[PDB]
Structure formats: structure tokens, C-alpha cells
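Just the one chain here, laid out as C-alpha cells, in the form deposited in one PDB entry.
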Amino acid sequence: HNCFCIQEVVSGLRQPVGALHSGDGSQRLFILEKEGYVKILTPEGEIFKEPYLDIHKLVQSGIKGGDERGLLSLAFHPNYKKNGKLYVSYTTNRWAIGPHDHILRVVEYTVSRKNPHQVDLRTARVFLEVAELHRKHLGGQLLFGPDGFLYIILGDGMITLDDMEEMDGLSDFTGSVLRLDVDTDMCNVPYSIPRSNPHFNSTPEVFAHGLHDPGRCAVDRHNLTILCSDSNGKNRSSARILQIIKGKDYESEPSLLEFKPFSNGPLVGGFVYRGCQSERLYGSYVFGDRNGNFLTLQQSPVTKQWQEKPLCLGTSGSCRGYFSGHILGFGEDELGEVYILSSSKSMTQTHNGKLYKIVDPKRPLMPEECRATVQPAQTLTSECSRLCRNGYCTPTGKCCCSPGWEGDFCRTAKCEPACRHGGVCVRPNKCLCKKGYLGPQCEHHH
């Protein structure tokens, strides 16, 4: 037979959202939970008791179901092994600059210099705040293409022309793919915009628009290709594709080409398999729906049209043709193997979300070629991590100072009118005076 195969990896999770890897050599797997947790799965199969990221108080994670309001996406820096930088997109509640139900946030975190299995929450750097009016069509998928730019895939938000021209506390960002350069040396702006962006100068972060209700978009690293499903509310069910070509400066927007290859209604999303266990699946675009029907989008090299071809599941040994509940998201190994994350109203009430791995029974679990050696995660050691006083330290390694600090790593304090009579500037605008010199700058004696 030619079916694939699913295997239970982990259970007892709370509403899983997705899972990814650190890219750091430790084959850690970080799994997202909707209430606002990122847990670590060890390559040997242990869930660490302490979460990697516990941010549940900051995130307004909606109850309902169909309610989309939780933690949305995580992305690791291509040089996290050096700089230890995360990017999280989540939904939060105090905004007073316009109308909202909530605001979709994009924040940068950094691992604890002391614990490689936990980030310290004090490192939060808000990158983007996107005012949202509705509790659907949110999106928020984060990803790094090659050349190292960060992509954010924001949905419709169900944002309509009425509310756009009604109030101004509304964002330009919804329904768009945004591409950013996090590798800034600037300290005035949290992120730089690459010169190869369309609207790089225009009187900007928007790389493409048109998106409505996208699932998890498939990402081909090969130039980059991102391919999205889209629900469009109750209006068909289409695929939209973005390709960037090979090193080209944009001044007008690339087309977000639409086509309609789907038939089995709404889809959760897809992935590009670049794993190792399955030879045949290599380089395939896979999309699954809520109930676990899988497809393949394949492109004719001749008549560049897209075609869907069903994939079957089937049991072979304890690796089974089915899984429990409904698919909520997808996952990937550092080795590139792919997972589905499931739950149900029955297994939500009990905290029983599952991680399931997809398997090719036609191949061995460890083909000779797929052998890799685990490189256990280490504590940050980079220059900026150890020296940069307080105030954020950018992914490039440049150390940005908080008000009233100066120097390469912000070690020297600033005294606006300088200290006198041999005083020492200890904190910003604080002088440590020698005995018998009083006042804010030690300017007095008698």
C-alpha cells in the first residue's frame, strides 16, 4: 500500500497550536499551547515540567471555540544558537489609542542567560501592535525565510471598509504579509526594513496584501515560496501563493496569486515536507483538514498548474491509520519530520491535547542517511549577552542603552550636569560624593 502512518508522541497537552524546533542542534521541540505556554519536548521524549515560555497572564486566550484569541505563533532566530532570540505573536488586552476588542502583538524574547531551557520574561520587546476588532480571521504566523528576514502573516481580522474610515485607531497591517529586518544596529527603531522591500521609501513593512482567513501556510525554502489556504469566510476555499524570485529589488508589490484547487471544504493549513524518514514525501506540499484528510498540491513542470492528490492513512503495527480528535495545527523537527497537534471539546475539558507524528511505513524509522547527533542546548555566551548592562541587546550583538547610560555595553552612567569634587556617577543622574560634599552633584562644602 501507499498510505502514511500516524504515531502518538505526547498527550495531556492543553489546546495545542503548533510545534517547532530551535535550529540550535539540540533536537528540542517547542510546542505551543493556546492559553499562552511554550513547552519543550526532549528528543528522548520528555516534557520538561517547567515551561520554556509562560506568558498566559499577558495573553487574552478566548474560551468559545471558533474564538481565535490565544497564542498564535513562535519563531526562532536563524542564529538563536548565538543570540538566543525568540519571536512570539499573541493576542492581548491597556490600549487607548483607538477602537479594539484586542491587539495582536509581535514581541521579541530572549532565553535566560542562566537557563537554556527557559526564556526570561523581562526581555520582552514589542515589535508590532495590531489593533483587532473581531475574534476571527486573525492569523499571526511567524517565519524566517533565507537571507534571514522575518515574515508575519496577518489575516483579514474581518476588518471592513466601514470601520477603517470610521475610526483611525485601526492598522494598515491586517490582511498582509509583512517582511522585516530584525538584524538592526539602530536603537530608535525595534526593526529595520530591508532595501529590497516594496514601499521601502514610500511616503512600508507590507510585502503583499489580499489575505483573508489563512490557515498555516506552507513554506518552501528550496528564493522562498509561501503558499496559503484561505477560507474567505463562507466564500469558496482558495489557495494563494507568494514567490520572491532570486535577489530582486521591489518597488511595486508582488502579486499574491490566487487559484482554486480545493474541494473538501475548509482546511487547517499545510507544510512543505523536507524531512528525512520519508523519501517519497520529500519536497511535497501537504495540506490537511480538521478531520485528518490529507492532500498534496503538486505543480506541473510543463503546464505550471496546481493539482491536488489525496493521501491515505492506514494502520501498520502500532502506527495507526487514525488519530483522536481534530487537527488544530502542525509541527516540525530539527530533522524535518512532521507532526499534527489535535484536540476535541471532550479532550479540551480534561486537558488532553495530543502530539502525533506522521510516519512513512515503507521506510525504516532510522534510515542510514537520517542519523544525526544531538548537540545539547548551551547557555548563551555571546559578547552582548554577558556584558550588556540593562536595556535591550539586539540580535546583531549591538547593545542599546536605556535612558542615561552610555558605552559599548552601557556600563558608564550619565550625569546630566556632571558630578563635582571627585564625585562618582553611579546611576543615571546619581552622584556618589566624597565626605563633606553635599548636594545632587556634590557642589557644596561647609
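One-based numbering along the sequence shown. In this text, rigid core is short for the largest set of C-alphas that superpose within 1.5 Å between two forms. Only residues modelled in both forms are compared.
There is also a form deposited in another entry; it is not shown, and the following applies to it.
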Rigid core fitted, is the C-alpha displacement of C419 between this form and the one not shown 2 Å or more? yes
Would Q375 count as moving between this form and the one not shown, using a Cα shift of 2 angstroms or more after superposing the core as the test? no
Taking the rigid core as reference, which runs of at least three consecutive residues show Cα movement of 2 Å or more between this form and the one not shown? 300-302, 412-415, 417-442
